[PDB]
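# Coordinate analysis (summary)
These are the residues of each chain, in order.
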Amino acid sequence: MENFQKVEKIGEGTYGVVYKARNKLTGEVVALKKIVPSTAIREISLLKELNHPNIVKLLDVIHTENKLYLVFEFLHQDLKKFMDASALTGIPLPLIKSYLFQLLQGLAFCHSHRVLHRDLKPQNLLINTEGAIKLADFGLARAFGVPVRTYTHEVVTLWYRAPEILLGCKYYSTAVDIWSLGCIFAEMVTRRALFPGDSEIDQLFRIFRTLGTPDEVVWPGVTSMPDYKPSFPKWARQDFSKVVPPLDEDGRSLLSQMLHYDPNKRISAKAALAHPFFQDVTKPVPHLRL
Ligand SMILES: O=C(Nc1ccccc1)c1cc[nH]n1
């Protein structure tokens, strides 16, 4: 793209290379994602107007030469790197709370407009020096699908996938985002992925081992889902006090609502923002090492 100067490769997304680039005329530093279906282009174009302080701004969609480039506002780190970096001591709780709180506001805005993310994970949550956190790649899964592998063959993580997706639900809802963020919330607290599955069945059985194998009691309709098997093992549900120590009762309360099996009972982003866990929410500045 003649209007951009590629500064460095920052990464490899599910769809293609991600470049840090500068706009040869505006002087703007952006993130440039290289990714043609008529449908995809209309979908992405609606994303241009879905603007919120906690959603990485899509600056521009450039379709040229059967090539597709998305131009995003640039943020200097993602949450996965920040968590790696905060391994020894953990992300402090007030900062975990502010991030979750901001992320929920993000989801509440998108969701109210009926946009799902569908592939939330720490690599697409981006952070700046001001204490902000923002969701990247919102709405791209609807436009482009979610591949078992990326363009580089790197395996798409299953770790944050809602169970109604793993059980083959075709028509899942906004609740699938709530589930992922719940998994991400647990991970920040404990410094270990909640459910790090390495196949769909491992992913599901890991969920079952912690949350209880789901039945008709906790999840009406579950036994009628496409990939449900009466032969699944029947595991007992563990207490959250064991799962996310040393998270407090309000935290554990909210986490459990975000991880309800039935997507209809799963707490919405909007209700979550009202939960007492956020009574004392503040906005700390992290220390970043740019
Ligand atoms: O990927 C982006 N930025 C980034 C991520 C990790 C490390 C350094 C920079 C990005 C995507 C959209 N804006 N920024």
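This deposited entry lists X-ray crystallography as its structure determination method and 2.00 Å as its resolution.

## Quick look at the packing of aromatic side chains
All chains considered together, the criterion is met by 14 aromatic pairs. With a centroid separation of 6.2 Å and an interplanar angle of 65 degrees, the aromatic rings of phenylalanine 82 and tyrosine 99 are classed as edge-to-face. Of this pair, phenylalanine 82 sits in helix α2 (residues 79–85) while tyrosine 99 sits in helix α3 (residues 93–112), and the two are 17 residues apart along the sequence. Residue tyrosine 99 is classed as buried on the basis of its relative accessible area of 0%. Through successive ring pairs, a cluster of aromatic residues spans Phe205, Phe208, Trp219, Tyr228, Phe232, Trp235 and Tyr261. In this structure, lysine 97 packs its charged tip against the face of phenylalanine 277, placed 4.2 Å from the ring centre. Seen from the ring of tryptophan 235, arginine 209 lies directly overhead, with NZ or CZ sitting 5.9 Å from the centre.

## Notes on the sheet that holds strand β8 (residues 133–135)
Ordered in space as β6-β7-β8, the three strands form an open sheet in which the pairing is antiparallel. The open sheet is flanked by β6 (77–78) and β8, the only strands paired with a single partner. In this structure, β6 lies alongside strand β7 (residues 125–127), joined through two bridges in antiparallel fashion. Bridged to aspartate 78 within β7 is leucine 126.

## Focus: unusual backbone geometry
A cis amide bond links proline 245 to the next residue, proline 246, at an omega of 0 degrees. Along the polypeptide, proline 246 turns up in the loop between α8 (240–243) and α9 (249–258). The backbone of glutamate 65 sits at a positive phi, close to 60 degrees, despite the residue not being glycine. Note on placement: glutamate 65 falls in the loop between β4 (58–64) and β5 (67–73). In this structure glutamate 65 comes out as exposed when scored by relative accessible area, which is 69%.

What counts and what doesn't
- Residues numbered from 1 in each chain as written, not as in the entry; some residues may be left out.
- Heavy atoms only, no water.
- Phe/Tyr/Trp six-rings, centres within 6.5 Å; stacked < 30°, edge-to-face > 60°.
- Helix = DSSP H or I, 4+ residues; strand = E, 2+ residues; numbered from the N terminus.
- Buried < 20%, exposed > 50% of the residue type's maximum accessible area, 1.4 Å probe, protein only.
- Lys NZ or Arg CZ within 6 Å of the ring centre and 35° of its normal.
- Pairing = 2+ DSSP bridges.

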